[PDB]
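One structure below.
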Amino acid sequence: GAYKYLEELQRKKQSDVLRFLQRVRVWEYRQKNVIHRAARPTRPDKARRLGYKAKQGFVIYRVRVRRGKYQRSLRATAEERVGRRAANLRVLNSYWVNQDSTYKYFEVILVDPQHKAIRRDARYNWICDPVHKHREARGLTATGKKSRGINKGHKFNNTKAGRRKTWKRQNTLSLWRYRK
Amino acid sequence: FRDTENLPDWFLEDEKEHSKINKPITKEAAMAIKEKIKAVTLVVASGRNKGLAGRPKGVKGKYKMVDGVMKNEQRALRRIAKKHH
Amino acid sequence: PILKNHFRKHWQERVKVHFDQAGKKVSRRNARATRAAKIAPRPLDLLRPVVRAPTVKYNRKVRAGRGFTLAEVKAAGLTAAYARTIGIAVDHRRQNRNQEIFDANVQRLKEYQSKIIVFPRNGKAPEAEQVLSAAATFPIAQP
Amino acid sequence: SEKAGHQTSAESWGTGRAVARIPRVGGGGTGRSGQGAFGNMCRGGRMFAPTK
Amino acid sequence: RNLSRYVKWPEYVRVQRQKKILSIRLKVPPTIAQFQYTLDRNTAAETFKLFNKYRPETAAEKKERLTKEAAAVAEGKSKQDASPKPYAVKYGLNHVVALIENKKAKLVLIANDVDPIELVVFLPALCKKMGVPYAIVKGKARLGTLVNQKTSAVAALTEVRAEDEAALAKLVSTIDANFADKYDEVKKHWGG
Amino acid sequence: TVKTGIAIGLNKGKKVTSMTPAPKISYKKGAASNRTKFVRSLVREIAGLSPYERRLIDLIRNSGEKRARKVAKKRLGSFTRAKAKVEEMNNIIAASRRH
Amino acid sequence: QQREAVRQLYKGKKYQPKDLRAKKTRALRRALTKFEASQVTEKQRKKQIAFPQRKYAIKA
RNA sequence: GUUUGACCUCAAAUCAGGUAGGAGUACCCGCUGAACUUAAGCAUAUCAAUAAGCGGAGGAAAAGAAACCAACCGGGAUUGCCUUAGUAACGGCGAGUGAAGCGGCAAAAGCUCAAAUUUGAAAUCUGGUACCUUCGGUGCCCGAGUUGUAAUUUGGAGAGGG
RNA sequence: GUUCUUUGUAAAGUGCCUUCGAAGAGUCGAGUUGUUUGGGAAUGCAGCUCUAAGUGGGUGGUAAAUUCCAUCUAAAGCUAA
């Protein structure tokens, strides 16, 4: 397949060819709007390994944000922007495309949970449960989880299960009927 | 790298609008921008004037009501400051 | 002397007082009961292995661990996918590096498979009159 | 309750107005105004060692 | 006066026309721009006279075939021999490039105009290095014609019935005579 | 590996029979393979070279591998990464000026 | 009478109108059907076929 | 061939069908975020990674089947409780702050995608429409889709060949 | 407990031998700043800059480095109590 050839290529981000292509694509998108739809994705393999499958309901939007202290990411900022735009849609994940000196350009894999192909095909029926609404704004996609500080171990003690939960857990006095 | 005479100026403007320099913060500038960011009518309050939470008849932009308990208090404070010297 | 409070903060809000104790206990015992009436002939708990614990302060002990290994249960002659249904825990990220422990676990498994009767999927399902703890029936003793 | 007596809008009238220094109420119109609150002694005020 | 050069066009129009202008005016690597040292016409016409014979099965013919072999499987026979070996284009990208390095493709056709061109930038090198009969074509919708899609971006031949073997042989000889001598230089011709 | 029977030493602890388990499959994860070698080499010659790698190959040739090691360890982060990268550059330079 | 006659007219077909569709609640016009939550891939279908939770008991 | 036409990209429609807002907000995930106060005048620091503010959801949420903990005869996803402990560590080593593993215990459930070619048969799917036993199914038809939908496989492994 | 449907060239499991075995990039990591932590000389996160490998990588933090040894497999995802 083309999976690995594409992938190993796109890692080589400072080859002349991809930096050329990046220059063209930035000029293209920069004349375009901030938020817009792409019908088809730029890094299809990357998107596929982040959970796209090309069928009716999976959507792309391509998006521009500013750079230049903001403990969240630009990535997640973009995702809030599109979640507020297309609120029916549900954000699965996102990926870099390109950047500039001034901006960073991103892309996002989305779902329309009303669409019946999605409601069936139970690799993706999990999402039409109401819980995974507006994930990006609760930080439940992968960069949300990074910025929450959610991975494992004694390195990440102060945020492992939610910073605020464990803060309330350990800054509270527990008192029994029978004081120990 | 980025040639100019071949290419069209309508591309060149939006190219060199944003093909900017790479510079992060330096420490002395951090503390420096932090430093830049750094920046009467007394009234014996008896008779008619008493219990008025507003103004009395007698008007001025400053005003100060008194009853005798303040005289006791400030007497005590004059005593204790004398004893503090 | 040195003596330490942590009471400088706004603590009075965040006080959590366990009056809830016997009520919770009763709720729990009801959980056990109805779990039983759901799972009717099964024991409410799995069979669990025997593991020598870490951290030399404790490493003399042995403990009811998580899960029998693929190697152990293979040598007992049966798979993960069957054992998990038969009531047997499996922890895959564990390795067997003590033959004593190995033979202990497999003796425990054999004793289990001997001590059970399995209703098949076919039908008639005889009366079996459950016991409600594997670990009591299959105890875990220091050698 | 945590908030008996605390459900009020007071602060004093102050020093030297021929009246006490209980914290007293703002507003008017109703006849609660000028009454005291946020106290132990006062009507409608909070008790001493609010039982917990 | 007709003022067609003076008008204010729409935006996306402006984008695409400026884009083509820009891709013209830009210096390019040699990897891409072996594209547009692409194929000429009469060979393409012959190529499609060939390929349309080995066009695929459509749904109608598939269900018709299925009804037939449903008729024959039960009483008489099927080892999937009730029907013959079918022979037609292999068209999917992943499958095609999987067939390569086995390697089985007699001929390869590569669209130039694919928008994430990184999909296919590796391919000419690949078929060069494996020594396999590739050629670039003009327009992917053509391939969509011949394998029953809007477009496909690649067409591959691995199997052909016997009558066309030498026809293919001369075909690949032609494109070898177009690439081995004059679009061998696709990386060459730095100006001076 | 074999323990001593005692609290302290080179192999401290309880002296016990081992098993020498199977290896998990999840250690041979960084394994290359015929396919990945093929494609990575392909993409290597196709896209070729970044600018700092150009600086590396000329600098190795003129001013040697000590300078190349330090400057690569600076453009990249770390020591062992700079090691493999300059070793790869030696392989490239051998490739280009032998064949 | 009118409502039920229209029920008979639009009977036995999808896309029946809004007032006659059920009211129930917002997140139970959502909150997917029994079929879509019953739905499961062929893989787990086989898995649950072959190795389901058998029923057992410990006496003997 | 100055005509006709695939397709790409982009637009519209009181198109067919759907859908998001708002409230509530004790609990919960996040963002932004001070002061009084406390301490040597106080600046670091503390009150506080708090209250207020903004966004987001459910009936539970969140986290979760190790890129873990350890250094031993090794344990074994997450969670909560007790215990470590008011320790290790930090800090005008002053105010003062301030954890985790091991252990006991309640509950205990395991797993999926990308990444293999179906290539002797896109094997998949929405939608329109008729019929029917309708939390739906059969068939006919427009159509998405190879810039990859189904099946197989997910590291405990697993695939292909015999 | 009932009745019909039914495992057939269908699906799945299990042994021996053989060739394999793909495993996520502006991402990890490093610098520097800010912010926060109990985190010590970077515990975490963000921004800016740099930018990787595959018998690899992360981690196990000594006033300094090099190699050991151990253990796990990131950058993608689900799940009641």
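So you can find residues: chains in the structure tokens are A, B, ... in the order shown, residues in each start at 1, and ligands are numbered from 1 in order.
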DSSP on the backbone, then: every residue of range 121-170 of chain E marked alpha helix (DSSP H), written as a ChimeraX atom specification. /E:123-129,141-146,165-170
How would the residues just chosen look if you wrote them out with C-alpha atoms as a PDB file, in the first residue's frame?
```
ATOM      1  CA  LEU E 123       5.801   5.920  -8.048  1.00  0.00           C
ATOM      2  CA  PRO E 124       7.930   6.777 -11.101  1.00  0.00           C
ATOM      3  CA  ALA E 125      11.067   6.196  -9.091  1.00  0.00           C
ATOM      4  CA  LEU E 126       9.606   2.980  -7.885  1.00  0.00           C
ATOM      5  CA  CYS E 127       8.796   1.600 -11.266  1.00  0.00           C
ATOM      6  CA  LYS E 128      12.158   2.895 -12.492  1.00  0.00           C
ATOM      7  CA  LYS E 129      14.057   1.117  -9.793  1.00  0.00           C
ATOM      8  CA  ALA E 141     -11.088  11.197 -15.291  1.00  0.00           C
ATOM      9  CA  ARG E 142     -10.100   9.121 -18.300  1.00  0.00           C
ATOM     10  CA  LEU E 143      -9.216   6.351 -15.932  1.00  0.00           C
ATOM     11  CA  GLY E 144     -12.516   6.909 -14.244  1.00  0.00           C
ATOM     12  CA  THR E 145     -14.067   6.172 -17.605  1.00  0.00           C
ATOM     13  CA  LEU E 146     -12.307   2.996 -18.161  1.00  0.00           C
ATOM     14  CA  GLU E 165       0.408  -9.594 -25.835  1.00  0.00           C
ATOM     15  CA  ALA E 166       2.487  -8.297 -28.717  1.00  0.00           C
ATOM     16  CA  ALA E 167       0.265  -5.236 -28.972  1.00  0.00           C
ATOM     17  CA  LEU E 168       1.149  -4.442 -25.420  1.00  0.00           C
ATOM     18  CA  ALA E 169       4.717  -5.369 -26.180  1.00  0.00           C
ATOM     19  CA  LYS E 170       4.955  -2.759 -28.864  1.00  0.00           C
TER      20      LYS E 170
END
```
Find the residues of chain C in contact range of chain H, meaning any atom within 7 Å when counting only C-alpha atoms (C1' of nucleotides), and list them as a list in words.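 Written out as asked, the residues are residues 9, 53, 54, 55, 56, 59, 92, 93 and 94 of chain C.
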In Å, with one decimal, what is the gap from CA of residue 127 in chain A to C1' of residue 151 in chain H?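 Here the two named atoms are 23.3 Å from each other.
Here CA of residue 11 in chain F and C1' of residue 70 in chain I stand 13.6 Å from one another.
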Near chain B, which residues of chain A fall within 9 Å when you count only C-alpha atoms, and what do they look like as number ranges by chain? A: 23, 27, 30-31, 100-103
Give one line per residue of chain G that approaches chain C to at most 12 Å, naming the two atoms of the closest pair and their distance in Å to one decimal, counting only C-alpha atoms; sort by chain then ascending residue number and deliver it as a tab-separated table.
```
residue	atom	partner	partner_atom	distance
G:47	CA	C:81	CA	8.9
G:48	CA	C:81	CA	10.1
G:49	CA	C:121	CA	10.9
G:50	CA	C:81	CA	9.0
G:51	CA	C:82	CA	6.1
G:52	CA	C:85	CA	6.4
G:53	CA	C:85	CA	4.5
G:54	CA	C:85	CA	5.7
G:55	CA	C:119	CA	5.4
G:56	CA	C:118	CA	4.4
G:57	CA	C:41	CA	5.1
G:58	CA	C:116	CA	4.5
G:59	CA	C:116	CA	6.0
G:60	CA	C:115	CA	4.3
```
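Interatomic distance, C1' of residue 62 in chain H against CA of residue 2 in chain D: 29.1 Å.
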Neighbouring residues of residue 53 in chain I were defined as those with any atom within 9 Å, considering only C-alpha atoms (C1' of nucleotides); residues of the same chain fewer than 6 positions away were excluded. Please report them as a list in words.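 Listing them by chain and then by number gives residues 30, 81, 84 and 85 of chain F.
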Interface, chain I side, toward chain A (8 Å; only C-alpha atoms (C1' of nucleotides)) as JSON, numbers by chain: {"I": [24, 25, 26, 34, 37, 43, 44, 45, 46, 47, 48, 76, 77, 78]}
Near chain H, meaning an atom within 10 Å, which residues of chain F appear when counting only C-alpha atoms (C1' of nucleotides)? Write them as a list in words. residues 3, 12, 13, 14, 15, 16, 17, 24, 25, 26, 27, 28 and 29 of chain F
How would the residues just chosen look if you wrote them out with N, CA, C and O atoms as a PDB file, in the first residue's frame?
```
ATOM      1  N   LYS F   3      21.208 -15.774  42.592  1.00  0.00           N
ATOM      2  CA  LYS F   3      21.306 -15.058  43.844  1.00  0.00           C
ATOM      3  C   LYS F   3      22.157 -15.837  44.831  1.00  0.00           C
ATOM      4  O   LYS F   3      22.499 -17.004  44.628  1.00  0.00           O
ATOM      5  N   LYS F  12      22.295 -10.279  45.307  1.00  0.00           N
ATOM      6  CA  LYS F  12      21.684 -10.443  46.601  1.00  0.00           C
ATOM      7  C   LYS F  12      20.351 -11.115  46.412  1.00  0.00           C
ATOM      8  O   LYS F  12      19.773 -11.084  45.329  1.00  0.00           O
ATOM      9  N   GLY F  13      19.884 -11.751  47.469  1.00  0.00           N
ATOM     10  CA  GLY F  13      18.527 -12.230  47.536  1.00  0.00           C
ATOM     11  C   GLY F  13      18.421 -13.737  47.484  1.00  0.00           C
ATOM     12  O   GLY F  13      19.402 -14.474  47.507  1.00  0.00           O
ATOM     13  N   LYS F  14      17.172 -14.162  47.411  1.00  0.00           N
ATOM     14  CA  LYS F  14      16.805 -15.561  47.472  1.00  0.00           C
ATOM     15  C   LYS F  14      17.262 -16.293  46.227  1.00  0.00           C
ATOM     16  O   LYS F  14      17.005 -15.863  45.102  1.00  0.00           O
ATOM     17  N   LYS F  15      17.889 -17.438  46.443  1.00  0.00           N
ATOM     18  CA  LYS F  15      18.446 -18.261  45.383  1.00  0.00           C
ATOM     19  C   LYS F  15      17.396 -19.279  44.979  1.00  0.00           C
ATOM     20  O   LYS F  15      17.063 -20.181  45.751  1.00  0.00           O
ATOM     21  N   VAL F  16      16.906 -19.139  43.756  1.00  0.00           N
ATOM     22  CA  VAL F  16      15.676 -19.757  43.307  1.00  0.00           C
ATOM     23  C   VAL F  16      15.852 -20.244  41.881  1.00  0.00           C
ATOM     24  O   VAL F  16      16.667 -19.733  41.119  1.00  0.00           O
ATOM     25  N   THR F  17      15.029 -21.213  41.518  1.00  0.00           N
ATOM     26  CA  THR F  17      14.970 -21.722  40.159  1.00  0.00           C
ATOM     27  C   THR F  17      14.302 -20.692  39.261  1.00  0.00           C
ATOM     28  O   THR F  17      13.280 -20.107  39.627  1.00  0.00           O
ATOM     29  N   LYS F  24       8.326 -11.391  25.190  1.00  0.00           N
ATOM     30  CA  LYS F  24       7.205 -10.726  24.583  1.00  0.00           C
ATOM     31  C   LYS F  24       7.536 -10.353  23.160  1.00  0.00           C
ATOM     32  O   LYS F  24       8.693 -10.153  22.795  1.00  0.00           O
ATOM     33  N   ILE F  25       6.500 -10.247  22.355  1.00  0.00           N
ATOM     34  CA  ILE F  25       6.692  -9.727  21.024  1.00  0.00           C
ATOM     35  C   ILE F  25       6.999  -8.256  21.090  1.00  0.00           C
ATOM     36  O   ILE F  25       7.744  -7.729  20.258  1.00  0.00           O
ATOM     37  N   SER F  26       6.480  -7.570  22.094  1.00  0.00           N
ATOM     38  CA  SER F  26       6.661  -6.136  22.170  1.00  0.00           C
ATOM     39  C   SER F  26       7.985  -5.743  22.798  1.00  0.00           C
ATOM     40  O   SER F  26       8.024  -4.983  23.768  1.00  0.00           O
ATOM     41  N   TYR F  27       9.070  -6.251  22.241  1.00  0.00           N
ATOM     42  CA  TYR F  27      10.360  -5.633  22.287  1.00  0.00           C
ATOM     43  C   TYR F  27      10.968  -5.452  20.924  1.00  0.00           C
ATOM     44  O   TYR F  27      11.799  -4.555  20.756  1.00  0.00           O
ATOM     45  N   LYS F  28      10.578  -6.257  19.946  1.00  0.00           N
ATOM     46  CA  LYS F  28      11.098  -6.155  18.591  1.00  0.00           C
ATOM     47  C   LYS F  28      10.227  -5.212  17.779  1.00  0.00           C
ATOM     48  O   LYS F  28       9.727  -5.540  16.707  1.00  0.00           O
ATOM     49  N   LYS F  29      10.107  -4.010  18.302  1.00  0.00           N
ATOM     50  CA  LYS F  29       9.197  -3.028  17.774  1.00  0.00           C
ATOM     51  C   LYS F  29       9.911  -2.062  16.891  1.00  0.00           C
ATOM     52  O   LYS F  29       9.402  -1.676  15.839  1.00  0.00           O
TER      53      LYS F  29
END
```
With 8 Å as the limit and counting only C-alpha atoms, what residues in chain G lie close to chain A? Please list them as a list in words. residues 31, 32, 36, 37, 39, 40 and 41 of chain G
Which residue gives the smallest distance to chain F among C:135, C:126, C:99, C:105, with only C-alpha atoms counted?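 With only C-alpha atoms as the atom set, the closest residue is C:99.
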